[PDB]
Amino acid sequence: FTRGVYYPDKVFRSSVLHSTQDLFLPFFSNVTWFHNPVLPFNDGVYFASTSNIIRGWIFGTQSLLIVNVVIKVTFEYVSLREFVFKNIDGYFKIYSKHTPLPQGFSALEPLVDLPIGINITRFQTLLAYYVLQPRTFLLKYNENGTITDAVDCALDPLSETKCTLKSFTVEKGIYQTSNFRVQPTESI
Amino acid sequence: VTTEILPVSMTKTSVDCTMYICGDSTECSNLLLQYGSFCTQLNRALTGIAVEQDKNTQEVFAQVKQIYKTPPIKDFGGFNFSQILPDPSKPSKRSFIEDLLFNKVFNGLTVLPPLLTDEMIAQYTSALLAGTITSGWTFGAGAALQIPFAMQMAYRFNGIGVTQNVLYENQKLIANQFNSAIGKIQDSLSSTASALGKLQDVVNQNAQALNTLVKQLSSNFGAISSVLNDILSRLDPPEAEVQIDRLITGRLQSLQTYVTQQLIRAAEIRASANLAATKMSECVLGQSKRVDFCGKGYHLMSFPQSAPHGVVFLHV
Amino acid sequence: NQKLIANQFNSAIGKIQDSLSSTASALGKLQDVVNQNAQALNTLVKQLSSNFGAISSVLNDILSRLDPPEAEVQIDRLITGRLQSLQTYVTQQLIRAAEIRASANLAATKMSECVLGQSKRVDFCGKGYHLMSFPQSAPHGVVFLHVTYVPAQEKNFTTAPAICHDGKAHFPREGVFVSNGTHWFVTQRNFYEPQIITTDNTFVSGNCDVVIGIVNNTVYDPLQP
Amino acid sequence: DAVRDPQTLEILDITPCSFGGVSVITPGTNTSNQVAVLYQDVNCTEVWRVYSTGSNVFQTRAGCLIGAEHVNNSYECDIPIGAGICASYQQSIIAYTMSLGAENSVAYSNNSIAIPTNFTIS
Ligand SMILES: *[C@@H]1O[C@H](CO)[C@@H](O[C@@H]2O[C@H](CO)[C@@H](O)[C@H](O)[C@H]2NC(C)=O)[C@H](O)[C@H]1NC(C)=O
Ligand SMILES: *[C@@H]1O[C@H](CO)[C@@H](O[C@@H]2O[C@H](CO)[C@@H](O)[C@H](O)[C@H]2NC(C)=O)[C@H](O)[C@H]1NC(C)=O
Ligand SMILES: *[C@@H]1O[C@H](CO)[C@@H](O[C@@H]2O[C@H](CO)[C@@H](O)[C@H](O)[C@H]2NC(C)=O)[C@H](O)[C@H]1NC(C)=O
Ligand SMILES: *[C@@H]1O[C@H](CO)[C@@H](O[C@@H]2O[C@H](CO)[C@@H](O)[C@H](O)[C@H]2NC(C)=O)[C@H](O)[C@H]1NC(C)=O
Ligand SMILES: *[C@@H]1O[C@H](CO)[C@@H](O[C@@H]2O[C@H](CO)[C@@H](O)[C@H](O)[C@H]2NC(C)=O)[C@H](O)[C@H]1NC(C)=O
Ligand SMILES: *[C@@H]1O[C@H](CO)[C@@H](O)[C@H](O)[C@H]1NC(C)=O
Ligand SMILES: *[C@@H]1O[C@H](CO)[C@@H](O)[C@H](O)[C@H]1NC(C)=O
Ligand SMILES: *[C@@H]1O[C@H](CO)[C@@H](O)[C@H](O)[C@H]1NC(C)=O
Ligand SMILES: *[C@@H]1O[C@H](CO)[C@@H](O)[C@H](O)[C@H]1NC(C)=O
């Protein structure tokens, strides 16, 4: 419904409406529930959980091993819970938040970065749990500086109108939003 | 009886910024975003013109609340309004003089349609004649009150300083003078004399502007070729950069010159469409005392007729 | 009818008070100017974060990363790309100022003619027959309160353009000849008040065989004794 | 826009692709969350799934309107579309031909007048 919103940048802002062109989870999409094989790692994976069942994660096509507190691949780094895995630019990013799917709105604060640059195509967990797309959002911030609402700009045309005006209330009227053009099918 | 031609509105357009500069070039879409927002300005200006044209037509014509109708017994004390009042045997609601007037006068280009169609404009101007004839000037300040026509015309003479015993003793002479002067309007408009000169220069200056905006799509501006795609299939991508950057910086200035000179031209239509809104209120809906504003002489009454993007008065 | 006119004027001012103390926002013409100026300034502000083909949108890192042999090539693109945005802003402000001056000349004309005297121009100082007006101020604007005069409660009659008495026509001084069916009266053209047709409110011209639609009656004479 | 076949020499024609524009008619978000979408002149055969197909497909001179119901009413205009078509929210969104005003007629005759009797200060 509305889950999986994080902080794409380490820059503080306050009381603004900043749009972000980054990889996110779309809204109202179908996630696979599992009441456990090696699932494919497309470009980034959402993950939640329920006491003391879920231990870790096996990654890799050098295969990456996280337990919970690390195994290499060549480097070791020993340091309702939601997680976001991303393989960006030869780094590795994990985001996190835990609260007491529910239907609220809670942001996800960053946890760790890893400068490794490894090869991953599919992933597996180490023993309920729940299992990203190029999008564009419209993040609303507050006084202290936390995200309180966001709008996916490609779900329905009302959201596209709200993303064009950069506002969350649209008064009565008619609005131009986009353009369309059919594509060439084959070569001749 | 004289004639006076004014312009009211002009052609609504809107030009897409992206496809004009580089249609179907996914790396030029990355080259244009290095220029920030020069395309959301140009669409916001050309939208502000297009709504503004649909406000000019509203305040010239839509000034009565009701829609009055002429009675089926057209017996007006000696006069004959059959040239200007509509007759339903035609395929439109349009009258006889207005049919003489409707004959005398893509790379991103789209033309929006008007809001009030020509069969809605032609119903406003049939309400303004039907109230002026049957109710005097009483329908400008409230609700219409009927009055005989030769008693209406008797104290439109009493405004310009001629006592009302002149018209009742000369009623049939004026009716023959009034009916004769209408016919010479219908001759001198349907002849080879081209009187719609002011409305024609609105339309011609909107075609010289678009014959030039398209003509600039064949100038190389210092590049190797004018065709966008043939530069792409003849160069390396790190050396196709500085050839498209002469076309994008070139073709922005041809949009930027077009939009500005449309904004200055659109401002002298409001100066003309606010004058026609005044002559609709003061010449038609009442008798005027301003010298040589409604006609040339002492003023009696007026009758509006429509035209393509304009209005035509008949100052008696 | 002084008391009735007084209570109608007081009730009208009260209804204007209510229609403005409510949250009906009728100051759209005063709001659009502020919105257009603020939006033009915000666009001019956000033009500084564009690079226009260079390596960075900030001048300082270009100056600190390059040397005056090949830093000037980077600086020139930014200079041209910022001059064009300034020139566009200034040209569109010069276009908006003419619209504001046209509205100010119309407001000066209304202040001279509606407030400092009574107008005869139709639908200039309000839709109706005009009496007076009252200026009020506003942020960057002016508000008028036009006091018009609208007739109401009409009623049919039967009319005639003259009176033949003894082979002479008889036209009114100012008024129409009306009738309730039996008698004939002269009355003013905007408020029904009949009177007795004498030689104090008519005049005479010619003989009564030329007028088309004349009606017999009898003209009273005010010199009775 | 016309070019000979180089191999078999039949004369064939060229005309470009669709290229319209999108519009999103909407009431206030503090009233509803239902929109009606208008495309710019593409004749309704060349088209997000409820706002792409289904019923409520209507052909205007302004374009192809999908998501509002054509009625036989005539009302004061609320949201302009073009060519005398206006849309409003009265519960769903309807589209119609706009009306100019109330029909009226005046009892004209060669011997009658209508003097007023009372007034109003506005
Ligand atoms: C008003 O003028 C029109 C045209 O000038 C008159 O219509 C003509 O009437 C004669 C009858 O004597 C016919 O022979 C013509 O064919 C008519 N012409 C047209 C174009 O209709 C009309 O009769 C005049 N009005 C009155 C009341 O006489
Ligand atoms: C038309 O108006 C006249 C003027 O008032 C009416 O004449 C008077 O009518 C009243 C009754 O309403 C009588 O008491 C008066 O004596 C009448 N005046 C005279 C001089 O006789 C007249 O009645 C009205 N017409 C109609 C049909 O009622
Ligand atoms: C209007 O009044 C005149 C003056 O009385 C009328 O003219 C006379 O009418 C009588 C009645 O028939 C005749 O006997 C006289 O011969 C008329 N006089 C003249 C000089 O012709 C006139 O008829 C009246 N009009 C109407 C319509 O009643
Ligand atoms: C004045 O008289 C006229 C004619 O008798 C009245 O007009 C008619 O009014 C009725 C009632 O509304 C309508 O049904 C008719 O259609 C009208 N006639 C025409 C030709 O349109 C008029 O109402 C009278 N004035 C007053 C104030 O009653
Ligand atoms: C003109 O209209 C006014 C209403 O605007 C009438 O005033 C009313 O008069 C009656 C009779 O005394 C009172 O009962 C009402 O309370 C009055 N209305 C108001 C709002 O106070 C006035 O009578 C009308 N003129 C005529 C001649 O009838
Ligand atoms: C910011 O935090 C403080 C303390 O946690 C809280 O009292 C305040 O309400 C917060 N501000 C907002 C806008 O929520
Ligand atoms: C008014 O017109 C009718 C026919 O329309 C006619 O019979 C009548 O005589 C005319 N009345 C006058 C006073 O001319
Ligand atoms: C386009 O619209 C016309 C009606 O104006 C219709 O006859 C025609 O079939 C439409 N085109 C297609 C491909 O359906
Ligand atoms: C409008 O009128 C037509 C008459 O041809 C009818 O077929 C149609 O059903 C009417 N529309 C509605 C919504 O009833």
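Rules used in this analysis
- Residues numbered from 1 in each chain as written, not as in the entry; some residues may be left out.
- Chains lettered and ligands numbered in written order.
- Part of a larger assembly, values for the part shown.
- Heavy atoms only, no water.
- Pairing = 2+ DSSP bridges.
- Helix = DSSP H or I, 4+ residues; strand = E, 2+ residues; numbered from the N terminus.
- Salt bridge = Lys/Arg side-chain N within 4 Å of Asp/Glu carboxyl O.
- Buried < 20%, exposed > 50% of the residue type's maximum accessible area, 1.4 Å probe, protein only.
- Patch = residues over 30% accessible without salt bridge, like charges linked within 9 Å, V, L, I, M, F, W, Y side chains within 5 Å.
- Areas by Shrake-Rupley, 256 points an atom, 1.4 Å probe, with all protein chains shown as cover.
- Disulfide = S-S within 2.5 Å.

- The record names cryo-EM as the way this model was obtained, at a resolution of 3.5 Å.

## Here we look at the sheet that holds strand β13 (residues 122-126) of chain A
Sheet strands line up and pair through hydrogen bonds in the backbone, either parallel or antiparallel.
All names here are of chain A.
And then number 1: Strand order in this open sheet of 5 strands is β5-β13-β7-β8-β9, and the pairing throughout is antiparallel. At either end of the open sheet lies a strand with only one pairing partner, and these are β5 (39-40) and β9 (70-71).
And then number 2: When strand β8 (residues 65-66) meets β9, the two strands line up antiparallel, connected through 2 bridges. The partner of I66 across the bridge, within β9, is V70.

## Examining the pattern of salt bridges
Between side chains of opposite charge, a pair can form when the charged atoms approach closely.
And then number 1: Throughout the structure, instances matching the rule amount to 17 salt bridges over all chains.
And then number 2: We note a salt bridge from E52(B) to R270(B), for which the minimum N-O separation is 2.7 Å. The same class applies to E52(B) as to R270(B), namely buried.
And then number 3: Between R121(C) and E282(B) there is a salt bridge, with its nearest N and O atoms 2.8 Å apart. Here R121(C) is found in the loop between α4 (72-115) and β1 (135-138), whereas its partner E282(B) is found in helix α13 (residues 275-284) on a different chain.
And then number 4: In this structure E282(B) comes out as buried when scored by relative accessible area, which is 5%.

## Brief notes about a nonpolar patch on the surface
And then number 1: Where nonpolar side chains cluster on the molecular surface, the patch consists of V67(A), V69(A), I71(A) and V78(A) and spans about 320 Å² of accessible area.
And then number 2: Topologically, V69(A) is positioned in the loop between β8 and β9.

## Details of the state of the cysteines
And then number 1: A full pass over the atoms with the stated rule returns 8 disulfides over all chains.
And then number 2: Two residues, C153(A) and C163(A), share a disulfide whose sulfurs are 2.0 Å apart. Handedness of the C153(A)-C163(A) disulfide follows from its S-S torsion of about -85°: it is left-handed. Of this pair, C153(A) sits in the loop between β17 (147-149) and α1 (157-165) while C163(A) sits in helix α1, and the two are 10 residues apart along the sequence. The exposure classification of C153(A) matches that of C163(A), with both residues buried.
And then number 3: Between the sulfur atoms of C22(B) and its disulfide partner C28(B) the distance amounts to 2.0 Å. Taking the sign of the S-S torsion, -85° for the link of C22(B) and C28(B), the bridge is left-handed. In this structure, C22(B) and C28(B) share a single accessibility class: buried.

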